[PDB]
Ligand SMILES: O=C(O)CNC(=O)C(=O)O
Ligand SMILES: [Mg+2]
Ligand code: NI
Ligand SMILES: [Zn+2]
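In the deposited numbering, the protein residues as written are 11 to 341.
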């Protein structure tokens, strides 16, 4: 079995290998990359996402989210308070202000220590989940707005045509902005490109060990667990690496820098934080190997998770027994 310790693998495709996206995902899996839950892909030196980032300041963040924490430094939840709209240029200035800027630090490890020690005492503002793309239309390789759609993959694999669309999302981050422990909707893959700015640190649990994380989470968030049998779908719970280590949960960590892609694999729980002002782009995708994970994905039916239009068909076709209850949670 390849990669039996489930280490995060890093790939350096040539420009020739960068032509066929599906083929390269399958290659990475042939080397055991999925066992980690997360892989890094460094694009060939010839490639670029677009010519410059000099003209992005007028993009609107219609609903910036202030991420307010509750709990203890290593075990907390966050809720999102909606703030007034602002442009990317306004948000960048905010991120660089004395109140929100990255503190002085020695290296990524020192910054990680400061994040875990101090996150809860601050409420950073995240421009998340903004529909759109920063890939130039002329970028033909690994353009996250030009991937094969998940609806077309389900149709190719299973023969059933379904409604729905699949488009990318932009994330504008600042110091301490945080992504809670989660898997993707329907345990899909995700791909994330860090277009510009400061790094993003990721933590990930191997898919084969995801239920160990879930059991810890039920212990650490016991009211939430009674409220919902899949509460990590709410995307609000954080658990630090120190706490994970104390409880014997297998995980890995890696820092993504500007110009790098990350791929999350089906049922790979992940969480992380931004180091400073940055912009990422991400989208879900599927492969044939995903179908079995989609059929087994947990679902939130308590009403909290509320998701896209396109998840309807996935539930309806892959999980018909769950469909009625899940849809009640959507309505
Ligand atoms: O970058 C973020 O805030 C969160 N991104 C992801 O969970 C992802 O790409 O799957
Ligand atoms: Mg602009
Ligand atoms: Ni994700
Ligand atoms: Zn729920």
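Note that the Cβ used here is the ideal one computed from N, Cα and C, for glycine as well.
Let me know the secondary structure DSSP gives residue i once reduced to three states.
i           : result
residue 60  : coil
residue 293 : strand
residue 129 : helix
residue 154 : coil
residue 28  : coil
residue 22  : coil
residue 40  : helix
residue 66  : coil
residue 336 : helix
residue 317 : coil
residue 88  : strand
residue 94  : coil
residue 263 : strand
residue 302 : helix
residue 52  : coil
residue 196 : helix
residue 141 : strand
residue 244 : helix
residue 227 : helix
residue 72  : coil
residue 234 : helix
Thinking just about the alpha-carbon of each residue, which of the options is nearest to the one in residue i?
i           : options               : result
residue 319 : 164, 163, 122 and 195 : 195
residue 260 : 66, 220 and 79        : 220
residue 223 : 211, 250 and 32       : 250
residue 139 : 245, 150, 217 and 127 : 245
residue 267 : 205, 258 and 21       : 205
residue 241 : 87, 160, 295 and 112  : 87
residue 69  : 97, 43, 44 and 52     : 97
residue 14  : 31, 42, 38 and 37     : 42
residue 282 : 257, 217, 193 and 235 : 193
residue 100 : 67, 328 and 258       : 67
residue 293 : 141, 102 and 122      : 141
residue 9   : 308, 322, 291 and 339 : Coverage of the chain is limited to positions 11 through 341, which leaves residue 9 absent and any answer about it impossible.
residue 284 : 248, 207 and 333      : 207
residue 191 : 341, 81, 227 and 148  : 227
residue 61  : 271, 149 and 257      : 149
residue 270 : 40, 53, 23 and 11     : 53
residue 102 : 78, 63, 116 and 122   : 63
Who are the near neighbours of residue i in its chain, counting only those whose CB is closer than 6 Å to its CB and skipping five residues on each side?
i           : result
residue 303 : 197, 276 and 277
residue 49  : 19, 38, 43 and 273
Near residue i, what residues of its chain come up, given a Cβ to Cβ distance below 7 Å and the 5 sequence neighbours on each side ignored?
i           : result
residue 300 : 198, 199 and 276
residue 298 : 167
residue 113 : 124
residue 29  : 151
residue 17  : 46 and 262
residue 338 : 311
Just to confirm, is the Cβ distance from residue i to residue j under 8 Å?
i           : j           : result
residue 263 : residue 203 : no
residue 254 : residue 85  : no
residue 279 : residue 325 : no
residue 134 : residue 73  : no
residue 154 : residue 145 : yes
residue 34  : residue 26  : no
residue 181 : residue 137 : yes
residue 184 : residue 31  : no
residue 305 : residue 335 : no
residue 237 : residue 289 : no
residue 243 : residue 310 : yes
residue 295 : residue 211 : no
residue 291 : residue 143 : yes
residue 265 : residue 209 : yes
Using a Cβ-Cβ cutoff of less than 8 Å, which residues in the same chain neighbour residue i once the five nearest sequence positions on both sides are dropped?
i           : result
residue 83  : 126, 127, 128, 129, 130 and 250
residue 165 : 171 and 172
Item to check | the region 84-95 touching the region 163-183, judged by at least three CB pairs closer than 8 Å | outcome: Inter-segment contact for the region 84-95 and the region 163-183 is absent: fewer than three beta-carbon pairs are separated by less than 8 Å.
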